[PDB]
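K.L.:
My questions all concern the structure below.
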Amino acid sequence: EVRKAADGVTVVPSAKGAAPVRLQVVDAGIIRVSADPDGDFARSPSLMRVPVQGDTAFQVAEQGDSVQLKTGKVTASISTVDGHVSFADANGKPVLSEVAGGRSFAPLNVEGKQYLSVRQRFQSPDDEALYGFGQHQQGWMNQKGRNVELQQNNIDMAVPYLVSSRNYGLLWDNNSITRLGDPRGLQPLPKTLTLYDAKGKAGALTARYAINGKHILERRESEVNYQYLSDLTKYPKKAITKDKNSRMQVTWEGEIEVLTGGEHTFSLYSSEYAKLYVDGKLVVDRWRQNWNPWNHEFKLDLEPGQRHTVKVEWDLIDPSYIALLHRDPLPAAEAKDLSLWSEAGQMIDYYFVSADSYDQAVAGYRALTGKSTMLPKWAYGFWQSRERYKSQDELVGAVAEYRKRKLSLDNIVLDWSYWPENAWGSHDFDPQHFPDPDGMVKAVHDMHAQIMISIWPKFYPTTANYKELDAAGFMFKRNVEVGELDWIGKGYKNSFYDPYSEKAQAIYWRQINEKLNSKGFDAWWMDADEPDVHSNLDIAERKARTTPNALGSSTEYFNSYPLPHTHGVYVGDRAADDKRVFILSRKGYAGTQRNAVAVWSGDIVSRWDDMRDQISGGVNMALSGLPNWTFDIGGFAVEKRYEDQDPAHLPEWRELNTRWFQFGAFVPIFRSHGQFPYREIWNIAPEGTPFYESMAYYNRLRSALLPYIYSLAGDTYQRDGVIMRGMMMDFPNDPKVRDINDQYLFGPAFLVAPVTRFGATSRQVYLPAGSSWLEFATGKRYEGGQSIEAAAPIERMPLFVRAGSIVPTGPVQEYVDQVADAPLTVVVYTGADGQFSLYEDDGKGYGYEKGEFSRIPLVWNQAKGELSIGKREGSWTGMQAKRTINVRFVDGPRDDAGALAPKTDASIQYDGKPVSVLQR
Ligand SMILES: [K+]
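Quick note on the deposited numbering: the sequence shown kicks off at 38 and runs consecutively.
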């Protein structure tokens, strides 16, 4: 049967067991595909979707084995035999096809409900590149051929939108644990491997337990598994020590042999120090803080009948976590497919986005899930934070010292534990350490800074606020019922609230409005919203302690917690006054950009590996659709050699933080944070060192680049754009940029290549083909399509500017708008044609929604040597009707290249009427 609707068609395939399939035209280039064994297409209401104003017109043709739906941009074909869908572009060129017979549905019976675990396979060629699907920690730029599980965790963020080099995007509308690649996930070591111990006896590896390097006991183990709290009960009791000094060690040693040949993948999930050798070669060498283990993946080509040695070396403190897990190759018929799997839902439901560019793929995500709210302009200046300022004098003193040193600072952050110890969730202030919070806020504001404060979803059962939420049915009960104690003092019972209902959101915000917003705080730091009820619980317990919610089970809704949670604060803060909202959330999700939510990569560590990993994490985050993203400059948690401030390791501490500070100055939000040692510029290193010189320079350069940066921020809303750009976005025809994991573009102009090795004074940098490049620090010109050894002394990061870039700049400022009516300096990097439409607005309220913004077109014609400043369009409260515009040309080596106050070459008065500036 074929049934036509006003917005698409439903096909009931003739083959036995093939599911009915429905197509809906959302817009000319956006097609919804739903497949449901029952044929009714009933699902829980989508959380990520917003309505779309689109052209839903289409034509139908029915020919033989297929039904064709045609829009102005797409032809979608449906098999009448098995229902499989294939998409072609306007010219009939194939873009993406489902696998015929490529759907899977399996029953899942949990929490009194019935769900389907669903899988869709698509045909995928060897040369397809894939990006997005959230923000992850393997250092993978390209996701092709990789296995990636969406499971909200401290440092691992789920957003189910994927982008392809084949000119499409896919939104997978499911809120449960989800898998790209292998639908099975990671297996215990012996499931598809034969094991031999250190004496060659089959069936186990040899495990040895030690305290302070002294052997305690040895035993055979067929699994390497202390992954979660429930697994720790098997750790040998005589091998445990809780001394403040003392450490523990475990080794596993033996050999593995596979049962089927091919590419095998692995994860060493670990905290504290962990090494792994295969065939004598070191393949994992990692440190994380004991309470935040994560996956460290590797892969090997292996064939049956051949043994390979394995040696795991773990050095830990109580408690720490480890697991060695494995995936064997999929069947050949499946192994090359693009596969998407979800644990719980009602049907397969996804959206095909036709995309002539990577930019258009991101724009389709914003159409489907919401435009990205504008953030306040001050959010794009420098943020200073600490875990934690322990008194209001410490916080205010940090602001005062930035001002005394004339460094640039816009925003200061107050972390957790400002409340009385036994009153988490009251939002009260301990008067010993915060005697006058209203005065704290006023003192910060009087120094022209904004203040953000930590608010968790966490409540102690003794607080009035807990009891209010609980009496209304909006407190998860299990964590308090089992008596789980947190880490504060002697340990406190606690739980987290249920954000899914609008009544819960109203209560949560009302408590915060009365206690905190009334005091003038500017921004909300919405931490731990995975939610992180008790760290390192197994997944069954995380689910049980967050269920039921107002809509259903935490199995159906495992990844969606931050969306309603941040929504409630966004709506309440926006209703309370006319200023723009700012939220920093530890997790994003599909749609969170519509609630004025920036995100960060979580409690990563002060390690060069983690720094490097954030480059590909940030690029994939932007291609997933979330444009306001940051990290802790220098890392969150630190090894003992850094916390104890061992002078032997001070040079590396300073060099890591300096390189990471250079990098942070060129990501969407610029923010210093972390655990002790203190992270303010002068506490990293004193004035006189190259570290201080470097941090001060990039701190001030950021303020001069604000006109450029904020124009990009305007276009995250106006043009559904991004700020951090993968190199493939602007060079989609250069295959060499598809897999490079340590370079990116900061807007259209700046190629950024952070230095991630101790003692490096240079690094290799690949310059994309098709453009020439100007070295920011010197003006030296380099042709595209080459790798160079770029100079990188401790104090400077490799930075190159694309020929034809127009970069609006201003004077160095200690805070946003310090100098009112500042002159604008347009810097033109010559060598090709270019254009840049400068967006400006009041930076403060929602007037831009009603058209209160201006655009000044800037056009550079390389043949003529002419910068055209076009007619201004639009106006806003506080706009400069007449203004000074300086112009500076960089066409090659120049002595003041990269200077904070460089020489200008022309200066004109602009009143909105078009004006031309010639280089000759
Ligand atoms: K507001």
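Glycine included, C-beta positions come from ideal geometry on N, C-alpha and C.
Quick check on DSSP: helix, strand or coil for residue 795?
P.N.:
Three-state DSSP puts residue 795 in coil, outside helix and strand.
K.L.:
Which residues, in chain order, sit with a beta-carbon under 7 Å away from any heavy atom of ligand 1?
P.N.:
Those residues are 610, 611, 613, 614, 615, 616, 617, 618, given in chain order.
K.L.:
Once the 5 residues before and after residue 958 are set aside, which same chain residues still bring their CB inside 7 Å of it?
P.N.:
The structure shown does not extend to residue 958, since the chain is modelled only from 38 to 957, so the question has no answer here.
K.L.:
Going by DSSP, which residues form a beta bridge with residue 423?
P.N.:
Answer is none; residue 423 lacks a bridge partner.
K.L.:
Closer than 7 Å: is that where the CB of residue 176 sits relative to any heavy atom of ligand 2?
P.N.:
Ligand 2 is absent from the structure shown, which contains only ligand 1.
K.L.:
Are the beta-carbon atoms belonging to residue 659 and residue 761 less than 8 Å from one another?
P.N.:
Cβ distance < 8 Å, so residue 659 and residue 761 count as in contact.
K.L.:
If you draw a straight line from the alpha carbon of residue 174 to that of residue 712, how long is it in whole angstroms?
P.N.:
Their Cα atoms are separated by approximately 20 Å.
K.L.:
Helix or strand or just coil, what does DSSP make of residue 593?
P.N.:
Residue 593: coil per DSSP, three-state reduction.
K.L.:
Measuring straight from C-alpha to C-alpha, what distance separates residue 460 and residue 586?
P.N.:
Distance between the alpha carbons of residue 460 and residue 586 is about 25 Å.
K.L.:
Using a Cβ-Cβ cut-off of 6 Å (strictly less than) and excluding sequence neighbours within five positions of residue 874, which residues of its own chain qualify?
P.N.:
Here the set comprises 892, 894.
K.L.:
Could you pull out every residue in the same chain whose Cβ sits closer than 6 Å to the Cβ of residue 127, ignoring the five residues on either side in sequence?
P.N.:
For residue 127, where only same-chain residues beyond five positions count, the Cβ hits under 6 Å are 110.
K.L.:
So is residue 519 buried or exposed if we call it buried at 16+ other beta carbons inside 10 Å?
P.N.:
Per the 10 Å Cβ criterion, exposed.
K.L.:
For residue 580, does the count of other Cβ atoms within 10 angstroms reach 16, so buried, or fall short, so exposed?
P.N.:
Classification of residue 580: buried, given that the 10 Å Cβ count is 16 or more.
K.L.:
Counting only the same chain and skipping the five closest in sequence on each side, list residues whose C-beta sits under 8 Å from that of residue 823.
P.N.:
Here the set comprises 803, 804.
K.L.:
Quick one: grab the DSSP three-state call for residue 739.
P.N.:
The answer is helix: DSSP assigns residue 739 an H, G or I state.
K.L.:
Report the rounded CA-to-CA distance for residue 360 versus residue 594, giving the unit in angstroms.
P.N.:
About 26 Å.
K.L.:
Taking only the alpha-carbon atoms, compute the straight-line gap between residue 588 and residue 624 and give it to the nearest angstrom.
P.N.:
Cα to Cα, residue 588 sits roughly 20 Å from residue 624.
K.L.:
Distance, Cα to Cα, residue 943 vs residue 955?
P.N.:
Taking the straight line joining both Cα atoms gives about 9 Å.
K.L.:
Can you list, in chain order, the residues of its chain whose CB lies under 7 Å from that of residue 467, leaving out five sequence neighbours each side?
P.N.:
For residue 467, where only same-chain residues beyond five positions count, the Cβ hits under 7 Å are 455, 456, 457.
K.L.:
Would you mind reading off the limits of the beta strand (DSSP E) that contains residue 695?
P.N.:
Run containing residue 695: none in the beta strand (DSSP E); it sits in the alpha helix (DSSP H), 687–701.
K.L.:
For the region 860–922, which segments carrying the beta strand (DSSP E) assignment without a break, of at least 3 residues, lie completely within its bounds, in sequence order?
P.N.:
If we require 3 residues or more, the beta strand (DSSP E) runs fully inside the region 860–922 come out as 861–866, 871–877, 891–898, 903–906.
K.L.:
Could you please give the first and the last residue of the uninterrupted alpha helix (DSSP H) stretch that includes residue 548?
P.N.:
Start and end: 539–552.
K.L.:
By alpha-carbon positions, which one of 202, 264, 218 ends up nearest to residue 226?
P.N.:
Nearest option by C-alpha distance: 264.
K.L.:
Please say whether residue 599 and residue 629 have beta carbons closer to each other than 8 Å?
P.N.:
Yes. Within cutoff.
K.L.:
For the region 599–645, which segments carrying the beta strand (DSSP E) assignment without a break, of at least 3 residues, lie completely within its bounds, in sequence order?
P.N.:
Runs found: 620–622, 634–637.
K.L.:
For residue 497, which of helix, strand or coil comes out of DSSP?
P.N.:
Reduced to three states, the DSSP call for residue 497 is coil.
K.L.:
To the nearest angstrom, report how far apart residue 237 and residue 231 are at their CA atoms.
P.N.:
Spanning the two alpha carbons is a distance of roughly 11 Å.
K.L.:
Would you mind working out which of 849, 841, 350 sits nearest residue 864, comparing C-alpha positions?
P.N.:
Looking at the Cα atoms, 841 is the closest of the given residues.
K.L.:
Could you check the C-alpha separation between residue 136 and residue 216 for me, to the nearest Å?
P.N.:
The straight-line gap from Cα to Cα measures roughly 17 Å.
K.L.:
In angstroms, rounded to a whole number, what distance separates the CA positions of residue 665 and residue 167?
P.N.:
So the two alpha carbons sit approximately 21 Å from each other.
K.L.:
Taking the C-alpha atoms as reference points, what is the distance between residue 764 and residue 794?
P.N.:
Cα-Cα distance, rounded: 22 Å.
K.L.:
Going by the DSSP bridge assignment, what does residue 68 pair with across the sheet?
P.N.:
Looking at the DSSP assignment, residue 68 forms a beta bridge with 62, 389.
K.L.:
Runs of 3 residues minimum, wholly inside the region 552–577: which ones carry the beta strand (DSSP E) assignment?
P.N.:
As far as the region 552–577 is concerned, its whole beta strand (DSSP E) runs of at least 3 residues are 560–563.
K.L.:
Using a Cβ-Cβ cut-off of 6 Å (strictly less than) and excluding sequence neighbours within five positions of residue 512, which residues of its own chain qualify?
P.N.:
Excluding residues within five positions, the ones whose Cβ falls inside 6 Å are 506, 532, 534.
K.L.:
Between the C-alpha atoms of residue 538 and residue 51, what's the straight-line distance to the nearest angstrom?
P.N.:
Approximately 42 Å between the Cα atoms of the pair.
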